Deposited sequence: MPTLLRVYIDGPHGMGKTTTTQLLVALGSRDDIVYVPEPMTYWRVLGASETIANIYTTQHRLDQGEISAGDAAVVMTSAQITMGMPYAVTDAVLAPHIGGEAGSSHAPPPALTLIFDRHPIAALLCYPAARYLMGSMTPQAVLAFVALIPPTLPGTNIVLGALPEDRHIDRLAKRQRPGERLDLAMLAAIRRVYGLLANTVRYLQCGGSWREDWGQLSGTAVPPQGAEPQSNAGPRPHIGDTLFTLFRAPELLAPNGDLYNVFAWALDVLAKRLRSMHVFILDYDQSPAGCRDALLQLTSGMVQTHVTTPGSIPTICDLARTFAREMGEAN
């Protein structure tokens, strides 16, 4: 059975993933940003709606409840392409191969960006309830073998610079959102590591009110929100179970950090040198490769412009 290498380029937007993936006929396929789905297919100018809603919340034109509704609804549209892609690809993924590959599938983001990271950042911006965030978490697809996710590293000033000259249709340069999104992804990397080193959120939970990251430097800190706790301060079981799922989904992910503070050619090599430690899997059928190729190419043609 042929081998496959899946690479999910994620992290905060505005550092250069697009460029980095771009600089790069049958052995590698690229599933690009589904901008057409966000701007036309799924709804009308989804990014624009998102930034306009936060801006109005900031100005006091709408309430926090109004914003959260908009924001929750918008995230469903944003993640759609990722969720549908994962669902049809799942059955074709077999078990790990071990320490080249028939096919290399490079994706522009993983489902957790839309189901965990963006929503968590919006929660930090006061435009999304923590219950909605855990509801998206509860819907995160099972982590399949060989789930390699590349997160970016970049000093904030440089990030702002880079983000400013590459704004998306309807986007507004919001420094508070940049900080929130950067904080979530930093916590994300720490969480995977925490979990991989044996961290148990239920055992360390008490430390939030008192060789691995401290629970306070992981995504678990965000869920100490008062909306999720009973009158005695205990976490409701519904949410505690959602955190159990988060732990299980994140733990088996393989995280790779890509330094974006270099030229596009540097990033390109950087990324390519990073693939040697990535985990490959076998496919389930002999005709899985071809199907995967068409899926990816069809996705790109229809949603990546």
Which regions of the deposited sequence are unaccounted for in the modelled residues, listed N- to C-terminal?
25 to 29, 105 to 108, 220 to 234, 330 to 331
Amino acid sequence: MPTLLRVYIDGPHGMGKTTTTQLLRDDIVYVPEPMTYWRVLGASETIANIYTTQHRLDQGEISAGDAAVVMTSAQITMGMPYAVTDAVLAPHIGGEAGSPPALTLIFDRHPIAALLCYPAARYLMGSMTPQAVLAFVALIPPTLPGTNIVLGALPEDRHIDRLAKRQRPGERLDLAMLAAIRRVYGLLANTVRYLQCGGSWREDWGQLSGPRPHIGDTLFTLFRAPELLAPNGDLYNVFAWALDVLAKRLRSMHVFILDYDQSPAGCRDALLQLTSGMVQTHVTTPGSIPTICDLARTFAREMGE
From here on, numbers count along this sequence of modelled residues.
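The term rigid core refers to the most C-alpha atoms you can superpose between the two forms while keeping them within 1.5 Å.
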Using RMS Cα distance over all structures and residues, flag whichever of 201 to 209 and 137 to 145 lies farther from this form in 8 other deposited structures of this protein after a core fit.
201 to 209
After core superposition, the stretch with larger RMS C-alpha deviation in 8 other deposited structures of this protein, comparing 229 to 237 and 88 to 96, is 229 to 237
Is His214 unresolved, in the sense of carrying no coordinates, in at least a third of the other compared entries?
no
Does the comparison with other entries of this protein show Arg166 left unmodelled in at least a third of them?
yes
For the C-alpha atoms alone, is the average B factor greater in 33 to 41 or in 51 to 59, going by the entry?
51 to 59
Take the C-alpha B-factors listed in the entry for 212 to 220 and for 73 to 81, compute each mean, and give the stretch with the larger one.
212 to 220
Peak C-alpha temperature factor (PDB record), options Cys267, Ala68, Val245, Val255:
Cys267
Here the Cα B-factor of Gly198, set against its chain, lands in the third termed middle
Relative to the other modelled residues in the chain, which third contains the C-alpha temperature factor of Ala102: lowest, middle or highest?
highest
Chain third (lowest, middle, highest) by recorded CA B-factor, residue given as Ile28:
highest
Ranking every modelled residue in this chain by its Cα temperature factor as given in the entry, which third contains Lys165?
highest
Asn190: CA B-factor among chain residues, third -> lowest
